[PDB]
Amino acid sequence: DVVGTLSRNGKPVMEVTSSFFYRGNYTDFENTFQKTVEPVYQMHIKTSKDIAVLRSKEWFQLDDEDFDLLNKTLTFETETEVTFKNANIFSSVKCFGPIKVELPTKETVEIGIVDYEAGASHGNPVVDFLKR
Amino acid sequence: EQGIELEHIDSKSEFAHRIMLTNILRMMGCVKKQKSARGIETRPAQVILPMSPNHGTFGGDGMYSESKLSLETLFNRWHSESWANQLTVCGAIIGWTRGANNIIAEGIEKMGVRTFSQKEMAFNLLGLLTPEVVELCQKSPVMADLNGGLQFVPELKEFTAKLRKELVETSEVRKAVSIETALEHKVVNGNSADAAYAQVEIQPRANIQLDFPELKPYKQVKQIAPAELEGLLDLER
Amino acid sequence: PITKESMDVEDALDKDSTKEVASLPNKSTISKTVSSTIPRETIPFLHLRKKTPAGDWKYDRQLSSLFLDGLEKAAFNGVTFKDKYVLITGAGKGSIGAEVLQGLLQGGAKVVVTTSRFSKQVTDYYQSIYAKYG
């Protein structure tokens, strides 16, 4: 699956997404990879256990560690690069991107980073977090 | 009475009130009537009434506040009634005893208050049956505060509530984080990670023995019987 | 210090029961009272109140001191309830009453105990309590 980005006067106009398939047997997991740009997710911090949850999350690094998250909407412009070992085992997962906050002006500013890196992963913890 | 507020006071409450106040009065009443009927005068009965420091403080314990309050009248009514000769009153303001509130008990002890185990408070009461206190109680009604300085705490309810909230929320948070790190660990390392860490348990089967007598080594058994017994008895008899 | 308004004895508990048992019948002699050691303008955990003529029950040092001396004598020497006929209610297993009762029976008094759940378990429980402590 290949992403064709077409642009006019420098600005992108349309995206052309095509999924192609080679029939047969491909055990080519060395050069097999997955480079998806994970969708952004908003997280509303109302309760005191929610900030406890995100601070319990290792991958949540902040620019200022003392930054209050109470009554804030945090967005994750996160993208994941996975190298494969098997059809399901991921030989290494690198899920990273800037964590921003919706300001009172509703402008977005980078206040933290997701810098998740792991070896023989069967999936992403961040994605499991997100579906619950 | 647990979780009965001022609008919930009903049949159960009224019965409780009748156990803890009214029939107690009827008991003293009847003891007076039996003593008086045999002319007992040098032998009054020392009643140790269990008073409480909490008087509609904690709330939602129906008519347990008014039951333990109203027995204070006995201190005055020792003088204005004629039964003073047969009965003596030892109201015991009963402190915090342990063994629902046991979890926070350590928490209140940080506030320089003492909570008693059942055996400590029992020993304390038995204090009030010592000859000296009896003789004391035969002169005048005695109040004995075994509260352990708890009364000093200003508006105790919210302080017990705050302790409950901090222990319960610490419990909950740790439970949530312990589940919601293990789940993501299981996703990351698959089920095969903690499949080999899941161990087999060997449940017992019943093995009904015929419990034959155990036969000690000949060395041991020879030291039970004396020396001459060997070859002495006819084994046929 | 919340109650603030404005002795060492050599034994072998938990290390040698035998010598502790050897010293049980020895009536301990209290030279100095813990009542006289009560901090001034500091109310003890256990104390007595005396009725003020206005109509309130306020802490009295003299009565509280006498009671705590009594308690101290009971703790060191032991107390006997001989020639006492006592009635006790709500003394089921695990309640305060049960532990008071154990007291009285260790004291050697005559006691009547009421039970509001009269059954085999409750009878048997009281039996075992009276065999142990009686």
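Once you sort the root eigenvalues of the Cα gyration tensor of segment C:59-120 as a ≥ b ≥ c, which label holds: rounded (a/c under 1.5), prolate (a/b larger than b/c) or oblate (the other case)? Each step should come with its number before you reach the end.
Details: a/c = 2.64, a/b = 1.96, b/c = 1.35.
Prolate is the answer for segment C:59-120, as a/c is 1.5 or above and a/b outweighs b/c.
What order, most packed first, do the peptides C:70-81, C:50-61 have when packing is the mean number of other Cβ atoms within 10 Å of each residue?
Ranking the peptides C:70-81, C:50-61 by packing returns C:70-81, C:50-61.
May I ask which residue of B:4, B:55, B:45 lies farthest towards the positive end of the charge dipole of segment B:1-59, with charges of +1 (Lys, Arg) and -1 (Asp, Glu) on Cβ and the Cα centre as origin?
Of the candidates, B:45 comes out farthest on the positive side.
Could you size up the charge dipole of the protein assembly as shown around its Cα centre, putting +1 on the beta carbon of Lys and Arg and -1 on that of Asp and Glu, and report it in debye to the nearest 20?
So the dipole magnitude of the protein assembly as shown works out to roughly 2620 debye.
Can you give the average number of partner chain beta-carbon atoms within 10 Å of each beta-carbon in peptide B:141-148, as a whole number?
Details: counts 2, 6, 10, 7, 10, 5, 5, 5.
Average per residue, whole number: 6.
Can you tell me which of A:18-24, B:91-97, B:66-72 comes out highest on packing, and rank the rest after it, using the mean Cβ neighbours within 10 Å?
Peptide ranking by packing, descending: B:91-97, B:66-72, A:18-24.
Work from the charge dipole of chain C (Cβ charges, +1 for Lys and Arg, -1 for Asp and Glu, about the Cα centre) and give the residue of C:108, C:90, C:64 farthest towards its positive end.
C:90
Pairs B:35/B:139; B:35/B:119; B:162/C:58; B:35/C:120; B:35/C:73; A:46/A:100: which are spaced more than 22 Å apart, C-alpha to C-alpha? Write down the numbers at each step before the final one.
Details: B:35/B:139 19 Å; B:35/B:119 33 Å; B:162/C:58 30 Å; B:35/C:120 34 Å; B:35/C:73 32 Å; A:46/A:100 17 Å.
Distance filter (> 22 Å) returns B:35/B:119; B:162/C:58; B:35/C:120; B:35/C:73.
Can you work out the Karplus-derived ³J(HN,Hα) for every residue in segment B:224-233? Use 6.51 cos²θ - 1.76 cosθ + 1.60 with θ = phi - 60°, whole Hz, and x for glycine or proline.
Per residue, the Karplus-derived 3J(HN,Hα) values read 8, 6, x, 5, 6, 4, 4, x, 8, 6 Hz.
Once you order the gyration tensor axes a ≥ b ≥ c over the Cα atoms, which shape class does the protein assembly as shown get: rounded for a/c under 1.5, otherwise prolate or oblate by comparing a/b with b/c?
Numbers: a/c = 3.02, a/b = 1.67, b/c = 1.81.
Taking the square roots of the gyration eigenvalues as a ≥ b ≥ c, the protein assembly as shown is oblate.
Of the chymotrypsin sites (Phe, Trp or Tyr not before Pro) in segment B:134-229, which ones lie in a loop per DSSP and count no more than 16 other C-beta atoms within 10 Å?
B:197
Amide H neighbours of residue C:86 under 5 Å, at least 5 residues apart or on other chains, H built in the peptide plane: list them.
Hits under the 5 Å cutoff: C:110, C:111, C:112.
Taking the alpha-carbon centroid of each part, what is the distance from segment A:43-82 to segment C:90-125 in angstrom?
Computed from Cα coordinates, the inter-centre distance equals 59 Å.
What is the mean number of Cβ atoms from other protein chains located within 10 Å of the Cβ atom of each residue in peptide C:67-74, rounded to a whole number?
Counting other chains' Cβ atoms within 10 Å and averaging over C:67-74 gives 5.
How large is the helix-only mean residue ellipticity at 222 nm for the protein assembly as shown, computed as the sum of -39500 (n - 2.57) over DSSP H runs with n ≥ 4, divided by its residue count, in deg cm²/dmol to the nearest 500?
Calculated at 222 nm, the ellipticity per residue is -10000 deg cm²/dmol.
So, counting K/R as plus one and D/E as minus one, what does the shell of residues with Cβ under 14 Å around residue C:34 add up to?
0
Assign one of three labels to chain B, namely rounded, prolate or oblate, based on the Cα gyration tensor with a ≥ b ≥ c the square roots of its eigenvalues; rounded applies when a/c is under 1.5, prolate when it is not and a/b is larger than b/c, and oblate otherwise.
Cα axes put chain B in the oblate bin.
Could you work out the local net charge near residue A:95, counting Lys and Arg as +1, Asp and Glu as -1, over the other residues with Cβ closer than 11 Å to its Cβ?
Residues close to residue A:95 contribute a combined charge of -4.
Could you sort C:103-110, B:38-45 so that the peptide with the highest average Cβ count within 10 Å comes first and the rest follow in order?
The densest-packed peptide leads the list: C:103-110, B:38-45.
If amide hydrogens are placed 1.01 Å from N in the peptide plane, which non-local residues have theirs closer than 5 Å to the one on residue A:62?
A:113
Considering only DSSP states other than H, G, I, E and B, which GluC sites (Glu not before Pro) in segment B:131-198 qualify as loop sites with at most 13 other Cβ atoms within 10 Å?
Here the sparse-neighbourhood loop sites are B:155.
Backbone-built Cβ (ideal geometry, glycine too); neighbour counts: all protein chains shown. Every number in this text was worked out from the coordinates using simple rules, so none of it is lab data.
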